[PDB]
Amino acid sequence: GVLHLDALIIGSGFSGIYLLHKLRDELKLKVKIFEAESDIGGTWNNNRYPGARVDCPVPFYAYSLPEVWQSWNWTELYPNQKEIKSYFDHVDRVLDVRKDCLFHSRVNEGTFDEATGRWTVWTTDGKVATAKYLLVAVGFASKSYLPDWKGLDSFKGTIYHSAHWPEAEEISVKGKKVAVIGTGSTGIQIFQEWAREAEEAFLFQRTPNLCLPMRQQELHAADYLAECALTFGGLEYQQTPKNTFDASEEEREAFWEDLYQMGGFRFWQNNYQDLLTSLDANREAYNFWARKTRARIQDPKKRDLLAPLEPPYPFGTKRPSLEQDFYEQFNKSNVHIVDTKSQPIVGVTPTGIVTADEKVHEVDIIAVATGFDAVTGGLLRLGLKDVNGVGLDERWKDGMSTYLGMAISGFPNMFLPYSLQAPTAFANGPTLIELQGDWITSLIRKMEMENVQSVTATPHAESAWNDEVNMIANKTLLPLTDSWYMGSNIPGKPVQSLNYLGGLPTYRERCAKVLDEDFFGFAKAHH
Ligand SMILES: Cc1cc2nc3c(=O)[nH]c(=O)nc-3n(C[C@H](O)[C@H](O)[C@H](O)COP(=O)(O)OP(=O)(O)OC[C@H]3O[C@@H](n4cnc5c(N)ncnc54)[C@H](O)[C@@H]3O)c2cc1C
């Protein structure tokens, strides 16, 4: 019948499984996960496209729970999706997670009743549950956008959409002419895999992606995870506490070559402290990146499209993609880069893709690598309502805001790990997830001990958080990056939410104040 719970968790990714564990095992609550799709792992169950791979190195892209890490070993510094999914299998063997998940349970309505202090939640297939706490751990959905190109139904080959990548069987590209449309991380990853094996490979690029070198390595069979957890982003390092132009030119060059050789996010998060605050410092860094990247590319036309001497946006204002041998692919004669800023795609024929200049690029297989939605899309389809009955879509039509990235005014007893206005895209996920999950767990403990029936962020605390978020961003180069333009003007590009850029140590202090000052920023109601 109707399922009644202490807490209901939506999603079985890193976030929701951590919460299940803390709320069920540590707090001894009655808890279930409603999960939309077939199995655990979140984005790692959902996004199985070729090349899918982490961007944070072992051992950071993992839980810090000793029972989990005890017996696990990783085969390489930056594991792939299949190996992440096998880690989730390990988590389930250790923590016993699957038996408290209901799969194929896509939430499509939530409403809160102030008199009882409980949510009532419905799935698309008709499941219905009630719960005191609602933990919305939906991450970032895929962007399910198929551009209105003419002639797609005439195409004689096949079109795959990284919003629903097949599984069952790998798509073989041997002997095939292929196209990737899109240059976010998804596009970069698919293209690297496919450019290696396809008979011919076209990447359709509107803006260049400023990719950093991964430096992959094979690996072999507590205090350290604790000290890294104290950094800006939760990686092993943070910014170098010096201004760019306080170093001489030669010192800069040698410092940047060291970063670039270590690889991964060193160049982004171990760089000079004014990388993201001074446009000139930023441009000097960029000029380095371009020099190194262009040196890898033999054809001058390809070089200027992939790594222009003038930057397309301030480097580091977005989470950079990583790459292994992407730029080298283009030195093959059958590997092409098509500039769709200049010559947009205007159509598909039976044999290929047609650009505005009427050039036909013949292919057998097309991957649409639209990449991820803003955080907004996925949360708005939940059909959540505030206590006055208003949909979150309507609440947010004029801009989205939150308290701490984790609560929304008028949605009581509802918490959002790994979501907007939180350190999210500027941090290591799992470290933020555990931080928010621990906090949510402590906040629930506190309510249960104090007999608090509901807590709801106040419009004031929300507006104040939004003002801190904005103020931190205003001091950086973020207002000058091209994301905002694209979201406001360009069809298919969703409006992004600002991350909190204050760093995990400040973010922690803001969270702690809630627990130490009597639910500071929330209105409370008692049982
Ligand atoms: C290829 C790739 C590589 C990445 N590597 C890194 C990295 O190295 N470092 C890092 O910091 N981040 C990384 N990320 C970002 C990654 O999203 C997060 O690290 C993290 O996995 C998010 O976990 P989550 O559980 O919050 O969200 P998700 O993993 O997205 O899980 C959300 C869950 O909610 C479910 N869901 C959505 N809607 C509903 C609904 N209506 N009802 C029921 N369930 C629903 C989804 O099906 C899903 O199972 C990577 C992302 C990808 C795609």
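Residues numbered from 1 in each chain as written, not as in the entry; some residues may be left out. Heavy atoms only, no water.

Per the PDB record, the structure was determined using X-ray crystallography to 1.9000 Å resolution.

1. Considering the overall build of the chain
For the record, the criterion: For the purposes of this entry, the term helix denotes a DSSP run of H or I that reaches at least four residues, the term strand denotes a run of E that reaches at least two, and both are numbered from the N terminus. Here's how the labels work: a residue is buried when its accessible area is under 20% of the maximum for its type, exposed when over 50%, partly exposed in between, all with a 1.4 Å probe on protein chains only. Per-residue and other accessible areas follow the Shrake-Rupley method at a 1.4 Å probe size, with only the shown protein chains counted as cover for residues. Positive residues here are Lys and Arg, negative ones are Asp and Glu, while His and the chain termini are left out of the count. A single reference atom marks each charge: NZ on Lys, CZ on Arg, CG on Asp, CD on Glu.
Summing up its helical and strand segments, the chain has 17 helices and 19 strands in all. Expressed as lengths along the three principal axes of its C-alpha atoms, the size of the chain is roughly 70 × 60 × 50 Å. Counting every position in the chain, which comprises 527 residues, the buried fraction comes to 56%. Accessible surface, the chain as shown: approximately 22600 Å² in total, 49% of it carbon and sulfur. Positive and negative charge centroids in the chain, built from 53 and 69 side chains respectively, lie 2 Å apart.

2. Structural notes on the pattern of salt bridges
For clarity, the cut-off: A carboxyl oxygen of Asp or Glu within 4 Å of a side-chain nitrogen of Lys or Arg is what we treat as a salt bridge.
The tally for this structure, following the rule as stated, stands at 34 salt bridges. A salt bridge links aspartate 100 to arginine 24; the nearest nitrogen and oxygen atoms lie 2.6 Å apart. With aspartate 100 in the loop between α4 (81-95) and β3 (101-102) and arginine 24 in helix α1 (residues 14-26), this pair connects stretches of sequence that are 76 residues apart. For the pair shown, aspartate 100 and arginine 24 are each scored as buried.

3. A short note on the domain arrangement of the chain
Keep this limit in mind: Just so you know, the domain bounds were taken from an automatic or database domain assignment. Throughout, a contact is declared for two residues whenever any of their heavy atoms are within 4.5 Å. Pairs of N or O atoms are called polar contacts if they sit within 3.5 Å, as long as, within protein, a hydrogen donor faces a hydrogen acceptor (for residues adjacent in sequence, only side-chain-to-side-chain pairs).
Along its sequence, the chain is carved into domain 1 (1-145 + 373-527) and domain 2 (146-372). Between domain 1 and domain 2, the C-alpha centre-to-centre distance is 28 Å. Taken together, the contacts link 52 residues of domain 1 with 54 residues of domain 2. Linking domain 1 with domain 2 are three salt bridges, by the criterion used here. With a shortest N-O distance of 2.7 Å, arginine 319 and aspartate 55 are connected by a salt bridge. In this assembly, domain 1 and domain 2 are joined by 21 residue pairs in polar contact.

4. Quick look at empty space enclosed by the protein
Using the following cut-off: Throughout, the protein atoms alone are placed on a 1 Å grid, and a set of points is a cavity if a 1.4 Å probe fits but cannot get out or a pocket if it is open with protein on both sides within 12 Å along at least five of seven lines; lining residues have an atom within 4 Å of a point. Grid points are joined across faces, edges and corners, and a volume is the space filled by probe spheres set on the points.
Computed from the structure, the largest cavity encloses a volume of approximately 40 Å³. Lining the largest cavity, in full, are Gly51, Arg53, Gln189, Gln192, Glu193, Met214, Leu322, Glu323 and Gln324. Those elements giving two or more residues to the lining of the largest cavity turn out to be α5 (185-197) and β11 (322-323). If one sorts the elements of the lining of the largest cavity by residue count, α5 sits on top with three residues.

5. Things to note about the packing of helix α7 (residues 249-262) against helix α9 (residues 279-294)
Going by this rule: Lines fitted to the C-alpha atoms define the axes, with helices restricted to the stretch that makes contact. Angles between their N-to-C directions range from 0 to 180 degrees. Should an angle lie under 35 degrees it is considered roughly parallel, over 145 roughly antiparallel, and from 65 to 115 roughly perpendicular; all remaining angles are considered oblique. By convention, the crossing between two helices is left-handed when the near helix turns anticlockwise from the far helix through less than a right angle, and right-handed when the turn is clockwise.
Relative orientation of the contacting elements α7 and α9 amounts to 60°, with a least axis distance of 11 Å. Judged on the interaxial angle alone, α9 and α7 are oblique. The way α7 lies across α9 gives a crossing that is right-handed. From α7, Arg252, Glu253, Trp256, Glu257 and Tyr260 reach across to α9, where they touch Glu284, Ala285, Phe288, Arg291, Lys292 and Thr293.

6. Observations regarding the nonpolar core
Put simply, the rule reads: Residues belong to a common nonpolar core when they are buried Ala, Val, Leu, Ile, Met, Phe, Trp, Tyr or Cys residues joined through side-chain atoms within 4.5 Å.
Membership of the largest hydrophobic core comes to 122 residues, with the highest contact counts inside it found for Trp194, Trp439, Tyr507 and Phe522. Both domains that meet at this core, namely domain 1 (1-145 + 373-527) and domain 2 (146-372), each give it at least three residues. Ranked by size, the runner-up nonpolar core spans 24 residues in total, among them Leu5, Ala129, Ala131 and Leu420.

7. Observations concerning the site of the ligand
As a reminder, the rule being used: If even one non-hydrogen atom of a residue comes within 4 Å of a molecule or strand, that residue is called near it. Throughout, the ten residues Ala, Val, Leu, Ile, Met, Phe, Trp, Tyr, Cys and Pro are labelled nonpolar, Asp, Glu, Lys and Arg are labelled charged, and all others, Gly among them, are labelled polar.
Neighbouring residues of the ligand: 32 residues in total, closest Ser15, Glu35, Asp55, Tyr61 and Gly429. Taking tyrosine 61, its side chain carries an N or O atom lying 2.7 Å from an oxygen atom of the ligand. Within the side chain of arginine 319, a nitrogen or oxygen atom sits 3.2 Å from an oxygen atom of the ligand. Contact with the protein chains covers 91% of the free accessible surface of the ligand, which is 1000 Å². For the shell around the ligand, the secondary structure elements donating two or more residues are α1 and α2 (43-46). For the shell around the ligand, the leading source of residues is α2, giving three residues. Split into classes, the residues belonging to the shell around the ligand amount to 16 nonpolar, eleven polar and five charged.

8. Focus: helix α17 (residues 504-516)
Each turn of an α-helix holds 3.6 residues, which means side chains three or four residues apart point in the same direction. Applied cut-off: In this scheme, a helix's expected span is set at 1.5 Å multiplied by one less than its residue total. Summarising the geometry, the arc corresponds to the directions from the helix axis toward the C-beta atoms.
Under the 1.5 Å per step criterion, the end-to-end length of α17 is 18 Å for 13 residues, consistent within 8% with the ideal 18 Å. For α17, every residue scored as buried is listed here: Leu504, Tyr507, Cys511 and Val514. In a view along the axis of α17, the buried residues occupy a sector of 70°, so they form one face of it. Turned more than 90 degrees off the buried face of α17, the exposed positions are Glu509 and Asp516. For α17, the elements touching its buried residues are α14 (429-450), α15 (459-474) and β19 (522-526). Count one or two residues on from α17 and you reach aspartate 518, which has phi positive near 55°.

9. Some remarks on the packing of aromatic side chains
Counted only if it meets this: Any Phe, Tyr or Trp ring, taking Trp's six-membered ring, that has another such ring centre within 6.5 Å forms a pair; planes under 30 degrees apart are called stacked, those over 60 apart edge-to-face, and the others tilted. We call a charge positioned above a ring when the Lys NZ or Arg CZ atom is no farther than 6 Å from the ring centre and deviates by at most 35 degrees from the ring normal.
Under the counting rule described, the total for this entry stands at 35 aromatic pairs. A ring pair is formed by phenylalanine 14 and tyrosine 61, whose centres lie 5.1 Å apart and whose planes are at 75°; its orientation type is edge-to-face. In this pair, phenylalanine 14 sits in helix α1 while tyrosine 61 sits in the loop between α2 and α3 (66-69), placing the two residues 47 residues apart along the sequence. There is no split in this pair, since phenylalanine 14 and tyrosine 61 are both buried. Among the aromatic residues, those joined into a cluster by ring pairs are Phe14, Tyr18, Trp44, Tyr61, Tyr63, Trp72, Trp74, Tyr87 and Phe88. Of note, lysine 446 hangs over the ring of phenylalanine 519, and the distance from its end group to the ring centre comes to 5.2 Å. Positioned over the ring face of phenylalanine 520 is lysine 513, at 3.7 Å from the centre of the ring.

10. Digging into the sheet that holds strand β7 (residues 158-161)
Stated precisely, the cut-off is as follows: Pairing between strands is defined by DSSP: at least two bridges between the two strands are required.
Strand order in this open sheet of five strands is β7-β16-β8-β9-β12, and the pairing throughout is parallel. The open sheet terminates on both sides in strands that have one partner only, identified here as β7 and β12 (335-339). Direction aside, the axes of adjacent strands within the sheet are offset by 20° on average. In the packing of α5 onto the sheet, the strands contacted are β8 (177-181), β9 (200-205), β12 and β16 (365-368), and the crossing angle to β8 comes to about 165°.

11. Some words on the pairing of strand β13 (residues 345-348)
When β13 meets strand β14 (residues 352-355), the two strands line up antiparallel, connected through three bridges. Counted as the bridge partner of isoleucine 345 is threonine 355 from β14. Counted along the chain from β13 to the antiparallel partner β14, the turn is three residues long.

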